[PDB]
Amino acid sequence: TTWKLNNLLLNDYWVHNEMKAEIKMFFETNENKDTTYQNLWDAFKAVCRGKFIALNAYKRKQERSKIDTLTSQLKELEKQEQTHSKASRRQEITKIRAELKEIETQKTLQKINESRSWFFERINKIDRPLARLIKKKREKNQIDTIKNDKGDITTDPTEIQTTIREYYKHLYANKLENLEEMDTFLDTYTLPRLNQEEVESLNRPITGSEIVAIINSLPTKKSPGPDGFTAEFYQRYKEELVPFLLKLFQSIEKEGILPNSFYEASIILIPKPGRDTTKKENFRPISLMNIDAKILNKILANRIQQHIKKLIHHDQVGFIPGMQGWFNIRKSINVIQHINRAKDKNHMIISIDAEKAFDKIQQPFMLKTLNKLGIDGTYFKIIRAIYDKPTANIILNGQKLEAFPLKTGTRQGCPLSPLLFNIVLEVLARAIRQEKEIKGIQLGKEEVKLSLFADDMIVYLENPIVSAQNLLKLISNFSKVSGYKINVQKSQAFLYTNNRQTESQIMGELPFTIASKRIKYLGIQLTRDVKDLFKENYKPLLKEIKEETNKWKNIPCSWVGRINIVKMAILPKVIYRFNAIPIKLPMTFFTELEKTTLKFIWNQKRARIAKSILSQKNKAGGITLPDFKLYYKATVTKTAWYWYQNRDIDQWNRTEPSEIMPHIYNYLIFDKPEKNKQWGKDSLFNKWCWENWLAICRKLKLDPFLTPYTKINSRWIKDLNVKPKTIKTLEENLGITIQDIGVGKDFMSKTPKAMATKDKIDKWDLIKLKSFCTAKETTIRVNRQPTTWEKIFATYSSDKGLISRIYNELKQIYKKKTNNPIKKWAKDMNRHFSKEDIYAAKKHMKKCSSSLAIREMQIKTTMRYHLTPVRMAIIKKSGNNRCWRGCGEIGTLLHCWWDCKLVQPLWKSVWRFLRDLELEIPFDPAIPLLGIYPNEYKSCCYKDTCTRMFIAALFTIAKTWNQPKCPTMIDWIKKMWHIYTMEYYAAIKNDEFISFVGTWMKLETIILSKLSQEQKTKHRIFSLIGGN
DNA sequence: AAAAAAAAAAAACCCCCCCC
DNA sequence: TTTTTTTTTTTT
DNA sequence: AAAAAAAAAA
RNA sequence: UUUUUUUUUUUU
Ligand SMILES: Nc1ncnc2c1ncn2[C@H]1C[C@H](O)[C@@H](COP(=O)(O)OP(=O)(O)OP(=O)(O)O)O1
Ligand SMILES: [Mn+2]
Ligand SMILES: [Zn+2]
């Protein structure tokens, strides 16, 4: 039983201070020059573990002191009664039993109330409860049925255990000592070498600021390593741990020896989805490292990520910051299309996946690669230190296995493992790119050979009968030195051949199974014929979404919960599909997706709130609603950003097939329009992107051709037949846009650097640039204030969050007129609401309470969600419009909520409660029903209390919506007490107690003063707060 | 000539919260 | 009464 | 410019 | 039940 740190223990103030004092005292009394700092850090970890155990035991003992004394007294009195029975002893025993039972009941009630409060704070939001409700039951780590060596099913725990441990020990024991072959392979091919500056950047001395940056970036709510310390321990005791962690890492840099804890890790076997559980090779051995080892490896990973852009080509986008997965997906789709349009089809596209990508990678080959990449000195010495004697023990069925060495492979679950694996696999990538014998597919003026995402490598070949053989020979050579293994049972290949004999020979020699219809690549069904992309990618997407809706039909969550479910689960999948393949989708797809989503949201019933109302911003609603057409436009127009940027790493841009003006995509945005050129007959992604960008620009009624962000390289300047050296000079000196050099009277005059730039340009081109720039049309078209749409694609140098900004701008642009239900409320009371009243009602809807249940109730009240006798009488085309619950009056919404003689006494009680709170609030239905206040009620010190009372009243009114019995004050008070308990524990957990007490103390005291003792005891209503 | 916006007509299902 | 779907008109 | 959560890929 | 990259949503 390995100890683990409980995060709730770190939130205790006394334990916090005691543990900080212990850390400081120990680490200033045990620090000396008679011992190394690695063993000192290990001893510090052991001492912290022991002190934490002692503190937890002390806390448990103190928390149960009163009950322990009571139970001791009860047992003693019971023994005395058994020996000699007395009446007073019986009375004392009964009283002690009653007190003990009351204390235990209070403790359990507090526990369940804390749990209910935590759930109620995130009842319908995008959070762990909703995702857990979506997901199936959590799979336990109890693997009990696994194939043995002799081919028979076994269930004996000892045999199961020994089979797993022996298999994984064998997996991590095969270390190759053929150093000469590795050196030869590295020397054969050319690899990048870091210069002196980058090497000194890697080997720079560690600073405490790096420790803080890494500690703050550590993910929370993650399982601790074998040492049992969580990331929260390092984040919370950060102030006293950065100096000693920094000194330990300095000792590591001077000596190169790591603490013994840095090596030990625990391997947890997750079953791989879509694979057979009973197979022992079908488990992913992730490793939980100590958070300090994770800190060191994350420092190292950041240091190498500083230069990962130079170390690794742009063909590889897995684990590489700043490049998306669809970079390779669109590129492969374009290559497939180019093959399909090829008159002679002699191409192959092999999707190769590495079997156990960096579980079979070689540490010696990795070290040799790092040496060959210029990585040497302190950084490489630390890298060699962390791979010196790795050791992992499998945590199997909750039992720690005896540890085995990691003589081979790279530990999974390590911050540095992806970067090092990418570095090692880049040797093979550059070998493939640099081997002229294997031929890539010549798309336009560029050659395309390979694209990588982690170990998912796709190779495009021409003349495959020799290219595939040479690629296999190269991969075998790489395997002989690095242990890289091809996952034959997952690797596939599209083989385009017009000769049956050559094709049959290729399947005869090639081990890859030739996919005839589709290849699953990064969750995307790459198609052999590119016209099948919609039918093999989006029709399955609709089928999957329909199945998920059918599975969630009986889910126990409301319409807000279902909207957030669609956002949390369905929406990312749709967005990923749109990003990977932004092909022109038929409107049938969007209508079907919207119908499925809306049927899911409203439980296959009629929509209570119009989808046009929810599709607006959160102002009209407060929870909004996904717009899949607008999201599709956002993803398809995001390519405009990559067009404008015109980066050298965007190969997926240039592989689009084209016959007229091949270099056109960089000259389309904020650039002169074509002369009705019929470019892009059959392009798949870029033509639709351009059409949608132009449509959006037309919708904005803005000129997208001559823009303040028009480049100097743009066709506007190029068509002047100016020398490209002038464009280079203007880009280097002044800037990249026309504004940077000025137009009109501002032509090369706003900056003294313009005078120097003028001397570097030919006078003919200077004259022509002056003539173009000082023209009236150019001056008015360029010297104008840019819009948000233009700023999205031009002023942002990073592609992070392009979809969100573009989608928000599109939701602003495509805003649709909707019928405001607040105006219907105004018509209901025969009174007029101003713009200020509408804003107040919408804001009250937005932030009546933090919890989404209270907000959902307020939204349903204000947005006329509830069903009424008048409305239902209309739907059934009957005449039963009489109010429910029985009054003889017409059942409008204002009647059901406010004016009914049955609900009216509840509102009179609410107003009495308001009255003894010294609140003079007018008897206006708008005040509770929508939160609309008179203009003179500017004071907000009573807003929250009134909101709580009114919304609890709405809750208890909806509780008995058509019930002939009238809503009562007691149920309203019970709902208020439930809300009070929830917000009390929420404030206790979220450190927001003062504001909660400010808006809940007087109301609670009046509740207690207006309730009898019998009601308080029966309904469990009592004060949770004191005098503070 | 095709895409997008707007207006008119029809159909809905007499509770509503709660439900981790 | 309110929402959705269809349809007819207008504009690029 | 922060935090939290979810999801996709590996 | 870990790691990297990316994406979105919500709260400011
Ligand atoms: N859930 C995960 N947690 C941690 N690391 C992961 C996870 N999924 C994938 N990886 C990392 C480690 C793998 O070596 C690497 C490549 O993933 P992947 O190709 O799916 O599997 P794999 O190469 O480990 O084995 P196999 O190809 O036999 O399924 O990505
Ligand atoms: Mn793999
Ligand atoms: Zn009534």
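Counting begins at 1 with the first residue displayed.
For all residues, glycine too, the Cβ spot is worked out from N, Cα and C.
Database features (Swiss-Prot):
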- A:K272, A:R275, A:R284, A:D353, A:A354, A:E355, A:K356, A:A357, A:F358, A:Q412, A:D455, A:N487, A:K490: dTTP binding site (BINDING)
- A:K309, A:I312, A:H313, A:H314: Mg(2+) 3 binding site (BINDING)
- A:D353, A:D455, A:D456: Mg(2+) 1 binding site (BINDING)
- A:453-456: motif 'FADD motif' (MOTIF)
- A:995-1013: domain 'DUF1725' (DOMAIN)
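Recorded features from Swiss-Prot, shown on the structure.
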| residue | record | contacts (Cβ under 8 Å, 6+ apart) |
| --- | --- | --- |
| A:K272 | dTTP binding site | A:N282, A:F283, A:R284 |
| A:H313 | Mg(2+) 3 binding site | A:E426, A:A429, A:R430, A:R433 |
| A:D353 | Mg(2+) 1 binding site | A:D455, A:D456, A:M457, A:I486, A:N487, A:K490, A:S491 |
| A:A354 | dTTP binding site | A:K360, A:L425, A:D455, A:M457, A:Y484, A:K485, A:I486, A:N487 |
| A:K356 | dTTP binding site | A:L171, A:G409, A:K485 |
| A:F358 | dTTP binding site | A:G409, A:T410, A:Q412, A:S417, A:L420, A:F421, A:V424, A:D455 |
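Filtering A:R284, A:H314, A:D353, A:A354, A:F358, A:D455 by Cβ distance to ligand 2 (under 6 A) retains the following binding-site residues: A:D353, A:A354, A:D455.
Long-range Cβ proximity for A:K309 (Mg(2+) 3 binding site), meaning a same-chain Cβ under 8 A and a gap of 6 or more residues, is found for A:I320, A:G322. Taking all protein chains in view, 15 other C-beta atoms sit within 10 angstroms of the C-beta of A:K490 (dTTP binding site). Checked against ligand 1, the binding-site residues A:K309, A:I312, A:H314 give no residue with a Cβ under 6 Å from it. Residues within less than 8 Å, Cβ to Cβ, of A:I312 (Mg(2+) 3 binding site) and separated from it by at least 6 positions along the same chain comprise A:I320, A:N422, A:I423, A:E426, A:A429. Checked against ligand 3, the binding-site residues A:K272, A:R284, A:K309, A:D455, A:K490 give no residue with a Cβ less than 6 Å away from one of its atoms. Taking the centre of the Cβ atoms of A:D353, A:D455, A:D456 as the Mg(2+) 1 site, the nearby residues of that chain (Cβ within 8 Å, site residues left out) are A:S351, A:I352, A:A354, A:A357, A:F453, A:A454, A:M457, A:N487, A:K490. Around A:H314 (Mg(2+) 3 binding site), the same-chain residues six or more apart in sequence whose CB sits under 8 Å from its CB are A:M323, A:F327, A:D648, A:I649, A:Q651, listed in sequence order. Break the domain 'DUF1725' (A:995-1013) down by DSSP state and the numbers are 16 helix, 0 strand, 3 coil.
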